[PDB]
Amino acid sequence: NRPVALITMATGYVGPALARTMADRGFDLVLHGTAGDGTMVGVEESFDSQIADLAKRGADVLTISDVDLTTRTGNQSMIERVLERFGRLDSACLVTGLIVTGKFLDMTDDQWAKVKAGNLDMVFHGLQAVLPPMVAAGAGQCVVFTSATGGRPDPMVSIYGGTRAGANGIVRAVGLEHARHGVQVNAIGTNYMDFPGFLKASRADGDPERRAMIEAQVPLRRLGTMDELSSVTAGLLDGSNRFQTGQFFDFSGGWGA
């Protein structure tokens, strides 16, 4: 019997690559994201284009694209649909967050209201939904993607970086509370990754002059690739490492060290 791996926001960021890598390791996948083709605001790899590659790797694919992951209902709905299809949930990769930057005294009630939703509510409702089935099974592995800024909340990223630290804080407590059930909850915070999502936050967009200045701010003088991030993320979701929980791993080329 093939285990199941849930990957939220799987139309972009690490989802696609992680989906291919998790399939190779013998997992069935339940991708969540934005339904659509390459010409979409939040889609860089479509479901159908993915389902054909994951099927050649021997994986069945449930897809979910009609849930507000910032609410209890949307998260519980996703999990209820995952369990009726496959009847199990062994791994969950909850990608969370809304990026908002600027001066702390220019932040508005709306910005403050919506950064808590992306960075904290997605984590709280996401974990309340994925854990119950893992607790009953006696084994599970979760990876909550927060942000490297949570490890070092810096100026001009105050509310965004602070709430991410709160997310990592929740992850630690939750990772240790359910460790005695064989369920692992860990956090992975990235920064300076090579994907269009981060290219929108920083006005580099492949610009050689602006790209070089961004690559200069990281100790390893390069941006991270989704092939690298998927490898380490799968290491915490493929049952090959069951001795880490409640921890936060900075993945930013030495930036968050």
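Counting begins at 1, following the sequence as shown.
Which is higher in the entry, the mean Cα B factor of 45 to 53 or that of 217 to 225?
Comparing 217 to 225 with 45 to 53, the higher average CA B-factor belongs to 45 to 53.
When the Cα temperature factors in the entry are averaged, is it 180 to 188 or 106 to 114 that ends up higher?
Result of the comparison: 106 to 114.
Comparing residue 1 with the other modelled residues of its chain, is its CA B-factor in the lowest, middle or highest third?
Highest third - that is where residue 1 ends up once the chain's C-alpha B-factors are sorted.
Splitting the chain's C-alpha B-factors into thirds, which one does residue 164 fall into?
Residue 164: CA B-factor falls in the lowest third of its chain.
By its CA B factor, does residue 128 count among the lowest, middle or highest third of the modelled residues in the chain?
It belongs to the middle third of the chain when residues are ordered by C-alpha B-factor.
Could you look up the Cα B-factor of residue 79 in the entry and say which third of the chain it sits in: lowest, middle or highest?
For residue 79, the deposited C-alpha B-factor lands in the highest third.
Compared with the other modelled residues in the chain, in which third is the CA B-factor of residue 152?
Lowest third, going by the recorded CA B-factors of the chain.
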